[PDB]
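Asker: Taken in sequence, the protein lines are chains B and A. Using the authors' numbering, you'd call the opening residue of the first sequence number 6 and step up by one each time. When the letters of the second sequence are read in order and numbered with the authors' numbering, they come out as residues 8 to 388, 402 to 1031. For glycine and all other residues, C-beta sits at the position ideal for the given N, C-alpha and C. What follows is a single structure, and I will ask about it in a moment.
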Amino acid sequence: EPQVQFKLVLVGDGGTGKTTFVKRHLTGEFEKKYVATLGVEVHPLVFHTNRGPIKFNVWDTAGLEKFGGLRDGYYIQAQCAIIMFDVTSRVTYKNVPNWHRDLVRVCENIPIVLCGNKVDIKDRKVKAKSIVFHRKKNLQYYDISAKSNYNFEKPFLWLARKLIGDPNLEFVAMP
Amino acid sequence: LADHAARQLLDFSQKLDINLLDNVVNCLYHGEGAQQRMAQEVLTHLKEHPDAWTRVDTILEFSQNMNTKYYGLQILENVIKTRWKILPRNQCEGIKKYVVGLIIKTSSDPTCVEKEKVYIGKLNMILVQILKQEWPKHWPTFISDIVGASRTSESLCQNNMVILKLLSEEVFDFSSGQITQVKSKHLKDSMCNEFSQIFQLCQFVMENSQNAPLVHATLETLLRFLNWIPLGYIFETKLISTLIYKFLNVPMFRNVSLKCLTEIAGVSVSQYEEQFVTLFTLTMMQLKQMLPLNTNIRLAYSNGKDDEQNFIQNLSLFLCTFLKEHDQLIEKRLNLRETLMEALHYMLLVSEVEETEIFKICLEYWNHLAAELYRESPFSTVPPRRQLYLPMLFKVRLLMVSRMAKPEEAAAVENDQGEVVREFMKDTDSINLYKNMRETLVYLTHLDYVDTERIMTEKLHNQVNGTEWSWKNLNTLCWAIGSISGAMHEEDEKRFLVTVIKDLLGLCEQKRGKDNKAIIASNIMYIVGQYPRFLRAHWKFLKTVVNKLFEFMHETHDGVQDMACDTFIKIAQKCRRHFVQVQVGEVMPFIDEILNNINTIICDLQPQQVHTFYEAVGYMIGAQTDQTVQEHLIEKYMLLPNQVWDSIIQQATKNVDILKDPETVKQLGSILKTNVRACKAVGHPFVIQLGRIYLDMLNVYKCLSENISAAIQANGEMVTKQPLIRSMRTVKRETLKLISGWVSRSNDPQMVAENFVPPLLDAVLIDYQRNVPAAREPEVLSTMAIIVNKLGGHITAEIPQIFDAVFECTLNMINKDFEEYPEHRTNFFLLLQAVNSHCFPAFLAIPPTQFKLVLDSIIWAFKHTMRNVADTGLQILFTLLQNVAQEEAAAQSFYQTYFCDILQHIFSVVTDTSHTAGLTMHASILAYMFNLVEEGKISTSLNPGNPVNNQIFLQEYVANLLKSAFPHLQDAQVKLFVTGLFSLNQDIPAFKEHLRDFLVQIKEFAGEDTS
Ligand SMILES: *[C@H](CC(=O)O)[C@H](C)[C@@H](O)/C=C/C(=C\[C@H](C)C/C=C/C(C)=C/[C@@H](C)C(=O)[C@@H](C)[C@H](O)[C@@H](C)C/C(C)=C/C(=O)O)CC
Ligand SMILES: Nc1nc2c(ncn2[C@@H]2O[C@H](COP(=O)(O)OP(=O)(O)OP(=O)(O)O)[C@@H](O)[C@H]2O)c(=O)[nH]1
Ligand SMILES: [Mg+2]
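If you want it as structure tokens, here you go:
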């Protein structure tokens, strides 16, 4: 059916795994090393749902202040967004409000998922009981792990539902 | 679309080709791929250039597309953020008037609500930046100017409401880290000082205006204001009444309004009691109008549109907030019983919404209520508050039992090799959700064991008749049944379990077929495992259960075997005693029967399940206290794996090439995994098994290592993905795992050091040095780390030779960038931290050039952007400074040689925007170091300048270092920061805020005084 693409903007603190996440979704590869994204790289991801395929042009942005680039600007003309932090670094969570502020000041009304990455690491520092920012901002939250595939596709699934309008969409991974 | 065209954009000798700038920006947003990277580079490059804003006006005047205007606004924001205090005053006035004039012109056009809202928001943000930069001093009438100009036009007023909201956000919500501390206090005092005028405007718009967008913007602003404003504006005005009556019930305003109410409900203050009651009363009187209590809120949310869903979530938030903070106020007012119940009823309805986030919001309050009632009195079927809540506690118990989340979470995860292992995720949101439902249900079960038992009996009756029969529903019921374990007295618990097990047995017998019997059989297994007290109390019951699990370990049906093994390990851990001691009616302890039948029990299990089995048995063996009986148990325990192990060792002695046979290496890896699990369970006494295979094991490690290394040299990196090399690396990793795992649990450092360590030196360490870079196993370093951490002194003497093998050759793998070979970087600095932390005399016992190399590696560590690497590097440096301070003899020489060097490196990191995550450590170090110079340092850092004390030399040296590092700083700025380094060296968070202030200062130019 229609190739229905949307702009996703992916943000978060440095070395949070945004790029590792997109790598594994694009090629199944898990990158072990931190190679800081300069400015932003836009990779397209295509999933296939029971109701036709869906395309996410993912704008993986740079969390490092040094290499932010046109930080504010990349958010323009964006349909949806993901904000990521690291459950092993309290700092990465304390900065979630800042990413969210800078994000909703540009695109005032888009679906945003909040992800806590690296939930596979046994010495978790951002306690699960403590993630409550998304409540009053009406954001949806998940506990992805880019290495374990824990809730691997749930952010894209939720966004695809919130964008297509079918609360029962399903990924089928067809050829 | 060419690099030259892009380069033209930045000549500064000719007018800007706004045509070309639009094309490059359109390439930035719609440019496909390979020039997109180019266009972004050029736009960033121009934006960061010193000339900057000279063209901003040109861009805004002539450009046709929004994106280019937004880009110009970015350049303007940059200038205002950084170089505003150095623009000539008239330039600032011109920019001020240009900005407010553009804001005026944009709002007046109708299209502003239409088209590029983004652009208007960016402009308002520009103005807020100007305000942040100079609002009180250089614009003393601003609040008055715009408050007055808001009563002139309404569109102007709406946009100014947005501006005031952004100012509140920038002053009160995001001031720390963007604004220096004193200036933050100043902006907060200035806004708090002129606020009544703003609040007048807001009351006026709320009470009088009929412009719906303006009203909405005013309410949105009132939200952020509720964050910080004095309580007098909230609880001593028309505000609560105005919100509830004029805005809460009308559709387009119900969300914002309720949010405000929720914020007001969050305030915990004793003086506004009545007001809070009012806030509840009135709010309830409105909800019953918009959401009648008969409503299926589950369906209303499931079908409803976005703002309906948001209103339901905001309602859950409001009721949870207010009830948690002020349930007491409504409890002690009889005339409000009915209303309180109604609110609780609401929560119950909202709890049926199938949305885990809203449900967590509700479960927060349910846990609060159950915990309060339990803390009041913990006894069953009377205290007053529980008498108030009694008419609906059973509804809450039914909710918990009916929607219980799954207790544990398993998943198939593939390792660095191909192996997919079954990993239980340990600490997740869903598991925390289960634990909260469990806590609530256990509280309420203590409040009435009969009611919980009754609800469960009814659910299970409905299972038996087939009315509510589903794999899902039986699973949920059994999860609840397990979740209340320990809540009842052992006698009540026994009577209850007897019935549960009997009825589940009957249900099994009733359903036929493997799929139904499999589901019922696990649920039974789960329930039995969750009640270890019952199992310890009845011996035959337990023996028969264990006999069945062994039976189920032959069921080919998927998941029966896995659940059998999981339940076996749970029961073994929780009842290990009962397997080693002789039981009533038994001739020998059960462990001997199990050990005599291992080969009968595990013949049909898959390898991972066999590993689980051996761990479960190892717990039992560890329970046996007599050392000799335990040795014999261990010997029979490891009989079967040792047979295959000895067969393979003998074949290898006859011919080494069987160590290139795939199935042989698979078997070796499986045997080693079995040994690893057995070692985890048994603990130290496992040494008897370890020493039995140790040398042999090391041998095969060496051989396989060499194989992999050669396999690299023949075919490069690719070869590391083939199945055979993969299983060989598995053997190596399990060998290291077994070694370090036994060493971790060994209570004799003497024997470990003299017996088990020396073979590692040639078998693994020099082998690691001899390997090709890509073949080196990082897990070597980490394992050595563990050994060091456990051995302590018993291994100091061996630090040199170890470092001979691993140190030099590892550095050269990880000192040509910050990124390649990450596992090696992490494990390397882990090993180095272990040595510094537990074997510091070894650092004192090496040549000074080599100690320089070690210190350089530490510095190299904390320069990483890999957070864990830099973090352990800072920890190493801190404990190293203290270790040096421990001995007076070398301490002064170390200071004379390295103090200033360390200081300048750490300053290079502290002023780096990429290392802020380490601030707490940075401070702790610098503080310490600077405190050291106040006193406790005797010799002089500079031989030429001995007159100057270290404080004088340190002060001027660090000030010179910063002045040359950041040339745009003022002398006064640097002197103040350098003296603050000494003044705050015993208040670590104040020191930290001093560093953060300086880190803000180094980002913006300043002219003459702070002004
Ligand atoms: C399928 C049944 C079918 O297809 O017909 C199911 C899934 C079964 O295969 C699974 C059964 C499992 C466990 C059983 C509960 C194990 C049996 C225990 C047993 C027979 C205990 C004896 C010794 C008793 O005393 C019984 C009669 C008694 O009711 C026990 C349960 C309580 C006691 C000891 C009472 C007391 O007061 O002491 C799968 C794990
Ligand atoms: N344990 C664990 N580590 C992870 C996970 N995801 C990523 N990492 C690690 O964390 C780092 C992530 O690096 P990137 O994915 O490049 O990070 P990034 O967010 O793109 O970085 P920037 O683009 O600079 O903001 C790497 O070192 C990964 O190995 C995960 O799920 N679990
Ligand atoms: Mg990246």
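Using beta-carbon positions only, say whether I1008 of chain A and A943 of chain A come within less than 8 Å of one another.
Answerer: yes
Asker: Apply the 10 Å Cβ neighbour rule to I732 of chain A and answer buried if 16 or more other Cβ atoms are within range, or exposed otherwise.
Answerer: buried
Asker: At 4 residues or longer, what runs of the alpha helix (DSSP H) sit wholly inside the segment 864–910 of chain A?
Answerer: Runs of the alpha helix (DSSP H) inside the segment 864–910 of chain A: 868–882 and 887–906.
Asker: Closer than 8 Å, CB to CB, is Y146 of chain B near chain A or not?
Answerer: yes
Asker: Specify, as a first and last residue, the run of the beta strand (DSSP E) that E429 of chain A falls within.
Answerer: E429 to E434
Asker: Relative to chain A, which residues along the segment 155–169 of chain B have a C-beta separation below 8 Å, given in chain order?
Answerer: Listed in sequence order: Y155.
Asker: Is it buried or exposed for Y252 of chain A, if we count other Cβ within 10 angstroms and need 16 for buried?
Answerer: By the 10 Å Cβ count, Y252 of chain A comes out exposed.
Asker: Beta-carbon of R887 of chain A versus every beta-carbon of chain B: anything under 8 Å?
Answerer: Answer yes: the Cβ-Cβ gap between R887 of chain A and chain B drops below 8 Å somewhere.
Asker: Please list, in chain order, the chain A residues whose beta carbon lies closer than 8 Å to that of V124 of chain B.
Answerer: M445, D447 and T448
Asker: Under 8 Å, with one C-beta from each stretch per pair, do the segment 188–199 of chain A and the segment 111–122 of chain B reach the 3-pair mark?
Answerer: no
Asker: Does DSSP put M354 of chain A in a helix, in a strand, or in coil?
Answerer: helix
Asker: With distances taken from each beta carbon to the nearest heavy atom of ligand 3, which residues come in below 6 Å, in chain order?
Answerer: B:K23, B:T24, B:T42 and B:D65
Asker: Of all the CB atoms in chain A, is at least one closer than 8 Å to the CB of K127 of chain B?
Answerer: At least one CB of chain A lies nearer than 8 Å to the CB of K127 of chain B.
Asker: So, at 8 Å on beta carbons, what are the nonlocal neighbours of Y126 of chain A in its own chain, with the 5 sequence-adjacent residues on each side left out?
Answerer: Annotation for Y126 of chain A: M73, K76, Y77, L80 and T113 place their beta carbon closer than 8 Å to its own, counting only its chain and skipping 5 residues before and after.
Asker: Would you say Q82 of chain B lies against chain A (beta-carbon separation less than 8 Å)?
Answerer: yes
Asker: Quick check: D65 of chain B and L15 of chain B, are their CB atoms within less than 8 Å of each other?
Answerer: Cβ distance < 8 Å, so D65 of chain B and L15 of chain B count as in contact.
Asker: Between the segment 96–112 of chain B and the segment 96–112 of chain A, can you find at least three pairs of beta-carbon atoms closer than 8 Å?
Answerer: no
Asker: Can you give me the C-alpha to C-alpha distance between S20 of chain A and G1000 of chain A, rounded to a whole angstrom?
Answerer: Take the alpha-carbon of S20 of chain A and the one of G1000 of chain A: they are about 45 Å apart.
Asker: Is it true that the CB of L1015 of chain A sits closer than 8 Å to the CB of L939 of chain A?
Answerer: Yes, Cβ-Cβ distance for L939 of chain A and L1015 of chain A is below 8 Å.
Asker: Can you round the beta-carbon distance between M508 of chain A and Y469 of chain A to whole angstroms, since I take them to be within the 8 Å contact cut?
Answerer: 5 Å
Asker: Rounded to the nearest angstrom, what separates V707 of chain A and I365 of chain A at their Cα positions?
Answerer: 53 Å
Asker: Compute the Euclidean distance between the alpha carbons of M941 of chain A and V649 of chain A, then round it to the nearest angstrom.
Answerer: 51 Å
Asker: For the alpha helix (DSSP H) containing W762 of chain A, name the first residue and the last one.
Answerer: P743 to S764
Asker: Check this for me: beta carbons of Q975 of chain A and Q1021 of chain A, under 8 Å apart or not?
Answerer: If you check the CB distance, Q975 of chain A and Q1021 of chain A do not come in under 8 Å.
Asker: For ligand 2, any of its heavy atoms closer than 7 Å to the Cβ of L69 of chain B?
Answerer: yes
Asker: With distance defined between alpha-carbon atoms, name the residue in A:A1010, A:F1025, A:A592 and A:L653 nearest to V189 of chain A.
Answerer: A:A1010
Asker: With three or more C-beta pairs closer than 8 Å as the rule, is the segment 419–426 of chain A touching the segment 124–141 of chain B?
Answerer: As far as the Cβ criterion goes, the segment 124–141 of chain B does not touch the segment 419–426 of chain A, which means the pair count is below three.
Asker: Report the neighbours of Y78 of chain A on chain B: residues whose CB is nearer than 9 Å to its CB, in chain order.
Answerer: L75 and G78
Asker: In terms of alpha-carbon separation, which member of A:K122, A:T684, A:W91 and A:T576 lies closest to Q140 of chain A?
Answerer: A:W91
Asker: What does the Cβ neighbour count give for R796 of chain A, buried or exposed, with the cut at 16 atoms within 10 Å?
Answerer: buried
Asker: Using a Cβ-Cβ cut-off of 8 Å (strictly less than) and excluding sequence neighbours within five positions of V120 of chain A, which residues of its own chain qualify?
Answerer: Taken in chain order, the residues that qualify are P220.
Asker: For the segment 789–872 of chain A, list the alpha helix (DSSP H) runs that are entirely contained and at least 4 residues long, ordered along the chain.
Answerer: 799–811, 819–831, 842–858 and 860–864
Asker: Shorter than 7 Å, the distance from the beta carbon of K722 of chain A to the closest heavy atom of ligand 2, or not?
Answerer: no
Asker: One question on the structure: do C498 of chain A and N543 of chain A come within less than 8 Å of each other, judged by their Cβ atoms?
Answerer: Yes. Within cutoff.
Asker: Measure the C-alpha to C-alpha separation of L168 of chain B and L873 of chain A and round it to an integer number of angstroms.
Answerer: 56 Å
Asker: Do we get a CB-CB distance below 8 Å when we pair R140 of chain B with the residues of chain A?
Answerer: yes
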